[PDB]
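Accompanying notes for the structure given below.
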Amino acid sequence: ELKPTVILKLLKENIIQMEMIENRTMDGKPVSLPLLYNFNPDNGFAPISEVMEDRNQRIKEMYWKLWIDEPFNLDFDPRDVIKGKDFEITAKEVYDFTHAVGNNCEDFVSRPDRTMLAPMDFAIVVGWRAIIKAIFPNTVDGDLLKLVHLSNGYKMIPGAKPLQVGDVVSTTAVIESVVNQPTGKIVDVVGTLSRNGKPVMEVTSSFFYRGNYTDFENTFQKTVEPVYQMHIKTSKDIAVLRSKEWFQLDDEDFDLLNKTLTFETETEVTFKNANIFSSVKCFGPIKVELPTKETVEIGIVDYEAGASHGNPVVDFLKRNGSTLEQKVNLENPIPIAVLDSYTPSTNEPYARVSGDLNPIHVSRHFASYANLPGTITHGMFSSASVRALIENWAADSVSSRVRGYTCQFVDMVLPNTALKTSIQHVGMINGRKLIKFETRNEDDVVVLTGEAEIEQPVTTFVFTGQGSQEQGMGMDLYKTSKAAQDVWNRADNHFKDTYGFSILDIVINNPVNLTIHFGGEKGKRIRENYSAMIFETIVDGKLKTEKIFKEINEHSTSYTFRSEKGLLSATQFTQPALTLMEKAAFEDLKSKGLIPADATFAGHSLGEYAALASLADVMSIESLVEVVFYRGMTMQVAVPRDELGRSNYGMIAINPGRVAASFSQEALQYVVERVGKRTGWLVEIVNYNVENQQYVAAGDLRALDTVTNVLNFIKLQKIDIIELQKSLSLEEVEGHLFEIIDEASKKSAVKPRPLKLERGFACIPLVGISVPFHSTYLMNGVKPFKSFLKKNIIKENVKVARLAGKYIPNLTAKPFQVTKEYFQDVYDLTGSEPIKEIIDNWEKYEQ
Amino acid sequence: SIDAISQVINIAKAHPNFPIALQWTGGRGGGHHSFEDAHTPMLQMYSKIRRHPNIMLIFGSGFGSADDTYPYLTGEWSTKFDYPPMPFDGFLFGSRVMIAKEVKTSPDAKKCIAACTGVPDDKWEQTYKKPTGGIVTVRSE
Amino acid sequence: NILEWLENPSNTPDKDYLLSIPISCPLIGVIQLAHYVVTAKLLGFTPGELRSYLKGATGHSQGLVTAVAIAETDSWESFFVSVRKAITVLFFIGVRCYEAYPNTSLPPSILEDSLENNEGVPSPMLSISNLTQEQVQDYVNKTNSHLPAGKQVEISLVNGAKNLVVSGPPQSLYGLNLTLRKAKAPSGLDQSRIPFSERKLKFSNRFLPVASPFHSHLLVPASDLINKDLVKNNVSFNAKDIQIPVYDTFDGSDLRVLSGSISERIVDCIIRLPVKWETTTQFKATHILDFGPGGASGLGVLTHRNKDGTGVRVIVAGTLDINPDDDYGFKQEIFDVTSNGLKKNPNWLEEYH
Amino acid sequence: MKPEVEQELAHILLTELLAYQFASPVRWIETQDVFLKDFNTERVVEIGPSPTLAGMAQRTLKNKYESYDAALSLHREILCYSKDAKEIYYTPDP
Ligand SMILES: Cc1cc2nc3c(=O)[nH]c(=O)nc-3n(C[C@H](O)[C@H](O)[C@H](O)COP(=O)(O)O)c2cc1C
């Protein structure tokens, strides 16, 4: 329908007035901008001149009535926090917004038996009033009609779930930087949408008042400096650092020598002139790397200066350090898609959902007065519109995955323009895919450009156990990756200096034999570390401890490790080699920014140490190779041995499938438990690897030879035990195979000393293994290791969240939780004093 | 074969005024063989076969009496498979005749042929593996 | 703006827009009504005069509506309120069923895979061919095993013997599609040297050109709402007014022999209840006339291949083309004066008695 | 519960699990089922010399997740650091 848009008349004292009217308002009641012009017939050539005084104020007043549901007060300190309003997300406000920007994601559409989710885009609808208020104060005097939007982004605070339809949202805007530039005034605002006390996401907008400003007294800038890493190598290095008054650590006595420092700095600046700063603050924590690679606060950067000209602290750290950037590029950008988009026929739809009643976008006479190409499409529209594309095609329409998005409004777009926007995968950051996009119009002009961080698919890391170690394994990666070198070298050094061998050598060229030489003063230092290898054995209260290295004593000149094949396949070396290769590889992945935050992990026997080390940094690189190395010496020693060093035990790898299609897991369990009790020997199922396919049993070689033969029988006999269990009684089939057992058990007991296990129909002997580990046989060797572990896995390196819910042990097969519930299951599977007390008095709750 | 039948249909359009006896044999026949079912192909091709007046459709293989053969004449056979009545124009008897007084089949051989217990179409597939009703498949040179 | 799109093809929206139900339901009906009219007008009949020659009528899915409305028809002056009833029903079916379950972005990864596996572009209705109704229901029962109530798929159409149509959310129908993808066999497998019994299932399956899950639990919500709406406008179908049998989609019965509302039935018959097409085409006749959408790709030919040998002769009323087989007939027969316009399909039982 | 207290506890639990892992058997079947089904991993990555635990998790999928995967339309991807560098580091050919 038709309506008044402009009203032109005279006023008192020769003042032309152009009433500029906007009909689309907050309450239906038209608002008006009073434009005033001095008519003066004494200047025939330029009669009309504009009344400039309070011009900005009139424009601001009209924008206020359209944006702000509050009283017109232009008297904020720009420095004061702006509180927003609480905001309940209605089901329908979402419907309207999604449809306005064109986001057809199913996460936002009401479906049966699912709560409706709100688009991260919706943050702007919530915070718009809190944010926009920030460019209004008198001390930031702009012409709102020449206002320009530069950028806007959303950042999700980690751990925060996305906005939902239920949520009530508190909004807070602060204004981070306001700086006068050559070309105009720039205001950087930050929103923080919180929910239920906790902060949920941050919104960033920067606006631009074009023009010439001298406002310097009302200008300020905060910036978050990148983290600077500094490798204190020499003695003068530490001297120069102590020379600066801003370098201020807690204990001055701290040994900086040979540590690595990080400087997490924020610099707050206030201008007083064109180029000269009025004041420069620069503060932040100084941190030191631990062996775990964790970082602990050591002190402070505390700089302060008036009438500055530059930032000395940052300049120092620039030249005297390196700059850690968390973004890591891929090798080549990977194209994702190029997509066709359109701007809306009218802008009213977006304006209604968003609360941006800015006439520039809706009323042609305002657009034209500001000298725009027409009724420009809401930049904010294209933000959400393009974002939708990234959401669909880059995150496979999993709303959840995009956790960061940002947008630069390069140029303007009119309604009914077509927009090819293209999207590539450019790099990684902290496990998230870094995605860059660029949107051009029909005239091939760039109009939009931003980036997005997108979560990787649900990832689980599994760390390999022994058995597959190859000579030279992961030695290629040692040659290319820095992360790798550091891991290996730290370890190789520790091994050289405490046991007198190189784990790199062993891996690089599998040595048939290897002798340690206890040479000079360092030779003798080494051999004591060999001489203190203890294997404790709690047997009925008694602690039977023995030297692991029998022969190394005060008169030994050397020891020698032996292996006919090659020492890389002797577990004491195998284990470090594996743990090392893996920990190195993972740390390269971590360095390329490829490790998802919420990734779950588990390791298989040995790999569980590598897994704990890699994902949770529970121990130093050296602590790892140590623990793992002793774990191997331990295994080598817990079984009685021959002259030729033979074993009374071994392991058999079974496949219930090959015996009979009928032969289940309960059937293999049953069969092995009977041959266990019957022969009074030792067989237990040690590896539960693949259901109905891959199992491993260990124990008495004789018991292994019975089970392997009992099995062979049941196959050629076609004995469905699930069926005989129905037709006969427990005692009936029990005895039935007790007889089968007893005819095979005779045969193997009558066999020579260290029986040679041979192949079966579903049984394969695991050549190599001699210890019945992962059986009960090693329960006595627990409490000497349980102290060894406690001496190497310090309390302070166990950060709970790194493990909770993500770490799948092997004892338990259930995700690490520090709950009464969990603690009990462990006791049940093990019976341990330390645990039992804890379960028993769980109410140690309060400090 | 289903394709083979479709071939005959084409030889049929070839000379629409010429009588062509389409002897549809099955897989359960004597001598030369086929991995094909006796009902599926016919059940499937019948409508097309029947739009050519020059085609005289003849069901063969597995027949021995007027009695088992009758339903294929009524067209009632095709009913077991929820299909419209599908009547045939004639029947051939290959095995059934091998005992007749006037075939040259030797005495001891006629005796051998008789004493073979048959087997329903239900279980002819077993010729490929075991002797089935005293009859196996075997491959020519 | 239907009139606009017609005049300036340039202005016609995407197939994607045209296909979504709220506009596609009513339009399809107009197409059918329009076909009825060229047949009636061109024969020299009134709407009702045409209707009198009919032993009865029936629709498939949303086609039921126009069949009901067609039989309520008498004279040209009166023809238009009959049109109003039909399309104002379709309009509400469309608008309300869309609102109930509106299409949402397909994860491009799925669309990608479903495409390089020669299946369709994922939609709410999948069609499986050469599988038992039992066989099909088996695979769906398995698929549904792993899904929540609101994501489950059911049989929508039993269009025929081994021809079915499952329906539900596109993504869960895609899941059924995967479980099927392993159970089948490459089309040119040549199992000609494999004994019959021992061979592998060959079968076809594709998504259908539709925006909505018809005949599924996804739409039940819009049932009561549509009817509440149908009452708020003039629309209702009294059994008094329908002049010829209108065979129920599920029963196969007449809609006139009905205690309750006939409107409410055909609403629930399109929105919630399956279509047992063969049982709903129980009747016996010489000739079936197809006024419904889509030339020889339409309902006529489907029903024809159901009946083949039984002397029923389908005629596609909306397309002037040519059948090389004379399998069925096209638009022409409905109007021909020669004995060439009276063709009948064979009944093998009689022909070859 | 107090943060420092949680550590102290969680610590000894961690050391317990590691000490006794020595004797108790390796419940890998149960484990795979935790991350395969409870977590619904789409990228399970094996970090080792060769692809042993991978083909383990692969067999497990064919043996048990045949149907689950299909219906729930979840594409799973099983990668070994050993052999699938391209796919882990996101660096392909043309
Ligand atoms: C001993 C014997 C010899 C045959 N010789 C021929 C032949 O030379 N040419 C041919 O087209 N079919 C030949 N057949 C196939 C039969 O003509 C007919 O197709 C088949 O036997 C019918 O199957 P039935 O014996 O079960 O009724 C022969 C079948 C048998 C049992």
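Residue numbering for chain A follows Swiss-Prot; the residues present correspond to positions 1204-2050, in that order.
In case you wondered, yes, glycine gets a Cβ from its N, Cα and C as well.
Swiss-Prot marks one residue of A:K1364, A:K1986 with the annotation ubiquitin cross-link, and that residue is A:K1364. Neighbour counts of Cβ atoms within 10 Å were taken for the recorded positions A:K1364, A:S1808; the minimum is at A:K1364. A:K1364 (ubiquitin cross-link) and A:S1808 (active site, for malonyltransferase activity) are 35 Å apart (CA-CA, integer value). Secondary structure from DSSP puts A:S1808 (active site, for malonyltransferase activity) in coil. Counting residue by residue with DSSP, the domain 'MaoC-like' (A:1523-1648) contains 35 helix, 48 strand, 43 coil.
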